[PDB]
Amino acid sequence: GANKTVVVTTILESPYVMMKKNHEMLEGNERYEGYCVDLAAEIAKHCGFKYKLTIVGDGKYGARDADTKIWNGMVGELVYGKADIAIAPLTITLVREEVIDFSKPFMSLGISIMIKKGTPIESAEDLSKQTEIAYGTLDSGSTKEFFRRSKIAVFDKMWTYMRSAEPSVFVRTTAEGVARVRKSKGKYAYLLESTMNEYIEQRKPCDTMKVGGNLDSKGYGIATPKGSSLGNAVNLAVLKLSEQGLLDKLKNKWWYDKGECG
């Protein structure tokens, strides 16, 4: 039947989506800016739909509760029919691919280490071989599941530590992890995606840094509910944006053009 306004689920995560200063009482999509705001506009333009940006209600990426089996976060909003599409730094994973559809990736990333400058840590192996410096991840996302599932000896040992460390090494939001690194005088390191890490490293007060290689190699994808009418066209649009150089332009706009650290 008639076209409907597509409900887009996304998450307040710098530099992907941020509320514009003093727009708290304005209306609609114009309230937000960032990489995924720009990406949403292009994907809608190429696919021919109108859309509304909405912030995921529970502030989470998406994980399945072990007991209840209920999906939360943006994945949940797609699975239970609360949104039509997720346009966010949402990691393509097997367990998610089983319940929702992903486009081809629009970014690359890997899990990485953030330290406060001067922290004597250069690698995951370094972190795993000491106990003075605490370390954790975001509490309900793909990074935590990576450690939970890994059979690689260094990551397995890291998980054995994190899962029972006190106080909890896990955080609710990327911002909380970053703030914890910055206030802990070097006694907390944060495990997060390289994209987020590299962004923060170029933001004032310029006191964090990415160290070592990425622990893995994966992508973000645009997600739709299984059997969505949008999935095919969205996939082709991602490839077009890739080949036209648009995804590279948006990366350079929101990371490197935004740099504050010289």
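Residue indices: 1-based, along the sequence shown.
Two stretches are in play, 34 to 42 and 61 to 69, and the higher mean C-alpha B-factor belongs to 61 to 69.
Higher average CA B factor: 24 to 32, of the stretches 220 to 228 and 24 to 32.
Placement of the Cα temperature factor of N197 within the chain: lowest third of the modelled residues, per the deposited record. Sorting the modelled residues of the chain by their CA temperature factor places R149 in the highest third.
In the PDB entry, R182 places in the middle third of its chain by CA B-factor. Annotation for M19: CA B-factor lies in the highest third of the chain's modelled residues. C206: CA B factor lies in the highest third for its chain, per the PDB record.
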